[PDB]
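J.: First the structure, then my questions, so here it is.
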Amino acid sequence: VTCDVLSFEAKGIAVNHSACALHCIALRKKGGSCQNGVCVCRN
């Protein structure tokens, strides 16, 4: 749900994606990572 690096052909289609990532980024970050199913923000 968060540690999903795999991607598929979904241009404009509702598909499960790492929300925590884009969240922290757009919030006050740039990069994103996961650890043992745990959301981790990075530069």
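Residues are named by chain letter and number: chains run A, B, ... in the order of the structure tokens, numbers start at 1 in each chain, and ligands are numbered from 1 in the order shown.
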When DSSP works through the backbone of this structure, what residues of chain A end up as strand (DSSP E or B), shown as a PyMOL selection string?

T.: chain A and resi 31-35+38-42

J.: Measure the distance from CA of residue 43 (chain A) to CA of residue 6 (chain A) in Å and round it to one decimal.

T.: 20.5 Å

J.: Compare A:15, A:5, A:10, A:22 by their minimum atom-to-atom distance to residue 42 (chain A), counting only C-alpha atoms, and give me the closest one.

T.: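 Comparing A:15, A:5, A:10, A:22 against residue 42 (chain A), the winner is A:22.
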
J.: Please list as a list in words every residue within 10 Å of residue 24 (chain A), counting only C-alpha atoms and excluding residues in the same chain fewer than 4 positions away.

T.: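 My list of contacting residues is residues 19, 20, 28, 29, 30, 31, 32, 39, 40, 41 and 42 of chain A.
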
J.: If you count only C-alpha atoms, which residues fall within 8 Å of residue 3 (chain A), apart from same-chain ones fewer than 2 positions away, as a PDB file with N, CA and C atoms, in the first residue's frame?

T.:
```pdb
ATOM      1  N   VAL A   1       0.825  -1.203   0.000  1.00  0.00           N
ATOM      2  CA  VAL A   1       0.000   0.000   0.000  1.00  0.00           C
ATOM      3  C   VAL A   1       0.862   1.257   0.000  1.00  0.00           C
ATOM      4  N   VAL A   5       6.800  -0.253  -5.153  1.00  0.00           N
ATOM      5  CA  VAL A   5       7.625   0.388  -6.170  1.00  0.00           C
ATOM      6  C   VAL A   5       7.152   0.021  -7.571  1.00  0.00           C
ATOM      7  N   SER A  18       1.542   4.783  -3.683  1.00  0.00           N
ATOM      8  CA  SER A  18       2.113   5.259  -2.428  1.00  0.00           C
ATOM      9  C   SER A  18       1.690   6.698  -2.150  1.00  0.00           C
ATOM     10  N   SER A  33      10.708   6.868   0.707  1.00  0.00           N
ATOM     11  CA  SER A  33      11.189   5.499   0.854  1.00  0.00           C
ATOM     12  C   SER A  33      10.367   4.742   1.893  1.00  0.00           C
ATOM     13  N   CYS A  34      10.516   3.422   1.908  1.00  0.00           N
ATOM     14  CA  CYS A  34       9.787   2.580   2.850  1.00  0.00           C
ATOM     15  C   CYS A  34      10.738   1.642   3.588  1.00  0.00           C
ATOM     16  N   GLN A  35      10.346   1.239   4.792  1.00  0.00           N
ATOM     17  CA  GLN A  35      11.163   0.340   5.600  1.00  0.00           C
ATOM     18  C   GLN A  35      10.288  -0.586   6.437  1.00  0.00           C
ATOM     19  N   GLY A  37       7.568  -2.022   5.760  1.00  0.00           N
ATOM     20  CA  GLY A  37       6.177  -1.616   5.686  1.00  0.00           C
ATOM     21  C   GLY A  37       5.919  -0.303   6.399  1.00  0.00           C
ATOM     22  N   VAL A  38       6.981   0.462   6.633  1.00  0.00           N
ATOM     23  CA  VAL A  38       6.863   1.746   7.312  1.00  0.00           C
ATOM     24  C   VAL A  38       7.212   2.897   6.374  1.00  0.00           C
ATOM     25  N   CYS A  39       6.368   3.923   6.367  1.00  0.00           N
ATOM     26  CA  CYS A  39       6.586   5.086   5.516  1.00  0.00           C
ATOM     27  C   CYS A  39       7.759   5.919   6.024  1.00  0.00           C
TER      28      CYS A  39
END
```

J.: Write out as a ChimeraX atom specification the set of residues from chain A that DSSP, computed on the backbone, places in alpha helix (DSSP H).

T.: /A:19-28
